[PDB]
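This report concerns only the one structure given below.
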Amino acid sequence: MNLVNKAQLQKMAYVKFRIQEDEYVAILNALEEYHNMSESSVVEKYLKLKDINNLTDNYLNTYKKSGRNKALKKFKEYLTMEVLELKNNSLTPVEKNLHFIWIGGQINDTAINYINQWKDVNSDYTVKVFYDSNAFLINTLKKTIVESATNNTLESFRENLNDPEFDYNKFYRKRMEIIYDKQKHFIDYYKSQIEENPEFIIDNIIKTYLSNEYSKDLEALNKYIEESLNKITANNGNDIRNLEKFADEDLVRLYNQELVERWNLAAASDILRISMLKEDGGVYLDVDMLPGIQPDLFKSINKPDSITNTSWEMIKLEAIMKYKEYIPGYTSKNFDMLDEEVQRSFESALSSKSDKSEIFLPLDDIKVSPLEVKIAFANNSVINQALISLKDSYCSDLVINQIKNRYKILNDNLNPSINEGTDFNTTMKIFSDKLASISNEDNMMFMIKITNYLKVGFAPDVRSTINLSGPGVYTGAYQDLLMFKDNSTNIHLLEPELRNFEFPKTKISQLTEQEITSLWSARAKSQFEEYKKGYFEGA
Ligand SMILES: O=c1ccn([C@@H]2O[C@H](COP(=O)(O)OP(=O)(O)O)[C@@H](O)[C@H]2O)c(=O)[nH]1
Ligand SMILES: O[C@H]1[C@H](O)[C@@H](O)CN2CC[C@H](O)[C@H]12
Ligand SMILES: [Ca+2]
Ligand SMILES: [Ca+2]
Ligand SMILES: [Ca+2]
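The entry's author numbering puts the sequence shown at residues 1 to 521, 525 to 542.
The structure is reproduced here in structure tokens:
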């Protein structure tokens, strides 16, 4: 898997009596100078491979019938192989920063209890729980608007409950039309306030608006802010509103779009996490992840043949929490179904262990290449719930570029659509038609997945987020990397290629109570039925 010589390339691409074209010399010259760059940095080496790939298909484009072409297509696959070799040979320990994010409301104790597990076992990591001191009321604002929209939609359904098809589908359709109006009424208010007074603070804009439009109590909202601030402060809180240099101005603008306009705290955290990893370096984790387990801990308890690998991983964390009680309240529903004898196998192994680092596996030195961002996998697909990146890595810039290029397309078409539209439905049709008019083979799936952006958080089965700030931006970056592109949207990378970037498996437990619970946000008919029930169950 060493990269072919200039001389070896001449052998592959040989055509008897054929003139050496300028475009072909160019490739050979360039490949020679690559092999002369052993002292160069890995990024520099990667950039040279990249210049070489571009020279190659300049030849392939200029001479489409050439007999060199079969060999030159092979060579391009060899260049891609060479990226992996550089990557595997350029590993170095990440900065020992451990990042979490909680924005738009008060951090729960459940989040704090999981975070502490990582804190206790990683003394040599700096734990930073990122928050936004301007924005403790995002969830309050959203919940208020949504509540108001739900209640209005039920009043329009009051005489049509028992029949025929005033059902969950119609509910969400009509409620969303109301949400849109209420949400745009806020955004317009916020936008005008920010024009008038650009020093103005988000939470202050929000309390004024809730106070005036939704009769909310100023005192109560002020109190909530104080409690939220006090709570994160006592828990390694890092205010993003202190930090100076991290702020790419375009990314900042996307962060506040997601935070203040769209109320999508997941997307805002998607944007924030990669930005902090580029600026700080380290390991990013969602607050629902737990440390890996020491491999040897339960190594001698054989899994009952009937139980799945997934259930068994789940059972192991539950055994830890039953007998050590590190997170109080942690479920034991699965663990309690095992035969008495197996429960005691777990109990005994947990008996002889004194400290938490004999139970959980500390991160210690994690090695990573400047060319990559490591990522967690769930179900054969990447998931950005855990990430690893050196400060200022090449691949962190690929991810950030993907986010910006995607949002650009979203905004350039969505902003005019919002401006021309008397309502949700007219805006949507306008937006969809605009997307249709510029769609092609490469961006068609992306265009399809971002069409329902305005419904994100308010309706079921929406996948816009994944394809703007989530998992899709990572597969796009990895394809950019391997294929020497900067625009990947149509993905041909398979799982085994994507596995080259997986987060070290022993160093994370993804199958926690909170995450499994969060995997259930499948359709909630129940919600439309529970909202329904909350109209006979009162005074
Ligand atoms: O109110 C919220 C909700 C989510 N998040 C961030 O979004 C991450 C992922 O959210 P969640 O696990 O609920 O999303 P899901 O995994 O279901 O896509 C969390 O760890 C937080 O960093 C946040 O800051 N505030
Ligand atoms: O914030 C992330 C979360 O960290 C991951 O589990 C992937 N989720 C998919 C949708 C959104 O991107 C969200
Ligand atoms: Ca009072
Ligand atoms: Ca730093
Ligand atoms: Ca989750």
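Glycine residues also receive a C-beta, built at the ideal position from the N, C-alpha and C atoms.
By alpha-carbon positions, which one of the options ends up nearest to residue i?
i: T126; options: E325, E177 and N235; result: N235
i: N53; options: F75, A71 and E39; result: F75
i: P291; options: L84, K73, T310 and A386; result: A386
i: residue 524; options: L511, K278 and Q510; result: The structure shown gives no position for residue 524: in the chain, residue numbering passes from 521 to 525 with nothing in between.
i: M81; options: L481, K528, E540 and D486; result: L481
i: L265; options: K16, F130, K333 and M483; result: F130
i: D250; options: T233, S275 and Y209; result: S275
i: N411; options: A220, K434 and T422; result: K434
i: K223; options: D203, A436 and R262; result: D203
i: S215; options: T62, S148, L49 and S439; result: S148
i: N405; options: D461, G472, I232 and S369; result: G472
i: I491; options: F501, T475 and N500; result: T475
i: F166; options: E532, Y538, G537 and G541; result: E532
i: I101; options: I271, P295 and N88; result: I271
i: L498; options: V260, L414, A376 and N5; result: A376
i: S311; options: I19, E219, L338 and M12; result: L338
i: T427; options: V382, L229, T140 and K455; result: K455
i: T208; options: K367, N162, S352 and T140; result: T140
i: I205; options: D51, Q10, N122 and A135; result: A135
i: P460; options: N487, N169, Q479 and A220; result: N169
Between the alpha carbons of residue i and residue j, how many angstroms are there, rounded?
i: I178; j: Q257; result: 20 Å
i: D57; j: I400; result: 27 Å
i: residue 524; j: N309; result: The chain lacks the residues between 521 and 525, and residue 524 is one of those with no coordinates.
i: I194; j: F200; result: 6 Å
i: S393; j: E372; result: 7 Å
i: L398; j: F484; result: 11 Å
i: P416; j: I138; result: 25 Å
i: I466; j: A111; result: 23 Å
i: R273; j: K374; result: 13 Å
i: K45; j: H35; result: 9 Å
i: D355; j: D120; result: 10 Å
i: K408; j: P504; result: 33 Å
i: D442; j: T92; result: 36 Å
i: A378; j: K48; result: 34 Å
i: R344; j: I301; result: 10 Å
i: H99; j: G282; result: 7 Å
i: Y323; j: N116; result: 18 Å
i: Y24; j: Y59; result: 7 Å
i: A349; j: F298; result: 7 Å
i: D288; j: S509; result: 10 Å
i: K96; j: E515; result: 25 Å
i: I225; j: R241; result: 15 Å
i: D217; j: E196; result: 25 Å
i: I307; j: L519; result: 21 Å
Taking DSSP as the reference, what is the three-state secondary structure of residue i?
i: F501; result: helix
i: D364; result: coil
i: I274; result: helix
i: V382; result: strand
i: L519; result: coil
i: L494; result: coil
i: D305; result: coil
i: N108; result: coil
i: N212; result: helix
i: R173; result: helix
i: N162; result: coil
i: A266; result: helix
i: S393; result: coil
i: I201; result: coil
i: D181; result: helix
i: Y534; result: helix
i: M1; result: coil
i: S311; result: helix
i: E258; result: helix
According to DSSP, residue i sits in a beta bridge with which residue or residues?
i: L290; result: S509
i: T140; result: Per DSSP, none; premise fails for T140.
i: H99; result: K128 and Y284
i: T92; result: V368
i: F377; result: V382
i: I388; result: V283 and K374
i: residue 543; result: Since the first and last residues shown for the chain are 1 and 542, residue 543 lies out of range.
For ligand 7, is there a heavy atom less than 8 Å away from the beta-carbon of residue i?
i: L493; result: Judged by which ligands are present, ligand 7 is missing from the structure shown, whose ligands are ligand 1, ligand 2, ligand 3, ligand 4 and ligand 5.
* Within the stretch 404-492, ranges of the alpha helix (DSSP H) (whole runs, at least 4 residues) -> List check, alpha helix (DSSP H) in window: 424-438, 444-450 and 471-483.
* Asked: In the stretch 318-354, which residue ranges form an unbroken alpha helix (DSSP H) of at least 4 residues, counting only runs that do not cross its ends?
  -> The qualifying runs are 340-349.
* Every unbroken alpha helix (DSSP H) inside the stretch 23-102 [4 residues or more] -> Entirely contained in the stretch 23-102, the alpha helix (DSSP H) runs reaching 4 residues are, in chain order, 42-62 and 69-88.
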